[PDB]
Amino acid sequence: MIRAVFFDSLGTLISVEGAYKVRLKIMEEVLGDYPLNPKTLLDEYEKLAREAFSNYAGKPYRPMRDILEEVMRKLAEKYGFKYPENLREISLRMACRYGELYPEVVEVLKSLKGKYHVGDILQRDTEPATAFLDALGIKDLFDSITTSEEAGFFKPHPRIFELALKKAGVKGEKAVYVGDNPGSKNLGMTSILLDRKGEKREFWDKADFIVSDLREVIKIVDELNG
């Protein structure tokens, strides 16, 4: 049976409007009056971050705030503005201020929490990640929160999943993982791909289920439990 349902909250439960506005506000704060378009800085930042994280995929963990600060240092040198001090504070303030959940998130977590172990699996440093979840009002809706910093490795390393399962006290066969990107297979978890806009059809085959609204998750799991 299914006894645990895991999510990737800061990555699949944050509205894209909200995620973009947070990142734009960060860029705007960094630049101040410097004569560079913040949307151009943002696009270039997302480029270098994606690249830097892929270099680390599956590797031993290194603080993500440190990696992002190197990226911003490259951008400051590239465009000529002064490297912002305390960038991690700027980012955490802007996320707590403007971060936003998809509309059905709270209802879905509250409904699962009575009958299942509800967990979060996150690739974000633990301290800022947990402060963000508190600001969003969902930290205490989770039975467990597990990060790559706790596990010691970046995805797709299985270790983060092994630890999340240990916290829930079950083997992979008893759990589902809801993510928006397709490591996790050898452990036996049931994968649900969240594809709100039907934009990742080429990756549907590598997922056991595909949804566009999180309210479909309770149905899949209630179904799987006879």
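Rules of the game
Residues numbered from 1 in each chain as written, not as in the entry; some residues may be left out. Heavy atoms only, no water. Residues with missing side-chain atoms left out of burial classes, pairs and counts. Helix = DSSP H or I, 4+ residues; strand = E, 2+ residues; numbered from the N terminus. Rg over C-alpha atoms; globule rule 2.2 N^0.38 Å. Buried < 20%, exposed > 50% of the residue type's maximum accessible area, 1.4 Å probe, protein only. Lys, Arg positive; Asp, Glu negative; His and termini not counted. Salt bridge = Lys/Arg side-chain N within 4 Å of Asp/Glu carboxyl O. Axes fitted to C-alpha atoms, helices over the stretch in contact; angles between N-to-C directions. Parallel < 35°, antiparallel > 145°, perpendicular 65-115°, else oblique. Left-handed = near helix turned anticlockwise from the far one by under 90°. Contact = heavy atoms within 4.5 Å. Nonpolar A, V, L, I, M, F, W, Y, C, P; charged D, E, K, R; others polar. Domains from an automatic or database assignment. Buried area = accessible area lost by both parts, 1.4 Å probe. Arc of directions from axis to C-beta.

Per the deposited record, determination of this structure is attributed to X-ray crystallography, with the resolution reported as 1.88 Å.

Looking only at helices and strands, the protein has 10 helices and 6 strands in total. Against the 2.2 N^0.38 benchmark of 17 Å for 226 residues, the protein shows a C-alpha radius of gyration of 18 Å, consistent with a compact globule. Along the longest, intermediate and shortest principal axes, the C-alpha atoms of the protein span 60 × 35 × 35 Å.

Bringing the side chain of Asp120 into the picture now. Counting through the fold element by element, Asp120 comes out in strand β2 (residues 117-122). Although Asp120 is buried, it forms no salt bridge, and the closest oppositely charged side chain is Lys155 at an N-O distance of 8.0 Å.

At a minimum axis separation of 9 Å, helix α2 (residues 16-31) and helix α3 (residues 38-56) run at an interaxial angle of 115°. As judged from the angle between their axes, α2 and α3 are roughly perpendicular. The interaxial crossing formed by α2 with α3 has right-handed handedness. Each of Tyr20, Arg23, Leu24, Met27, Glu28 and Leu31 in α2 lies in contact with α3, whose residues at this interface are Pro38, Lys39, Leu41, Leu42, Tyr45 and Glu46. Taken together, the residues that form the contact of α2 with α3 break down as 8 nonpolar, no polar and 4 charged.

As assigned here, the protein comprises domain 1 (4-15 + 101-224) and domain 2 (17-98). Counting residues at the interface gives 18 residues for domain 1 and 18 residues for domain 2. Summed over both sides, the interface between domain 1 and domain 2 buries roughly 1,500 Å², with carbon and sulfur atoms accounting for 62% of that surface. Its largest share of buried area at the contact with domain 2, domain 1 owes to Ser15, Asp125 and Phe154, together 43% of the area lost on that side. Linking domain 1 to domain 2 there are 2 salt bridges.

Within the span of helix α7 (residues 126-136), buried status applies to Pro128, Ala129, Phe132, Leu133 and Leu136. Summarising the axial view, the buried residues of α7 lie within an arc of 135°, below the 170-degree limit, and thus occupy one face. Looking at the packing, one finds that the buried side of α7 touches α1 (9-12), α4 (64-79), α5 (87-98), β2 and β3 (144-147). Looking one or two residues past α7, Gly137 carries a phi angle of roughly 80°, positive in sign.

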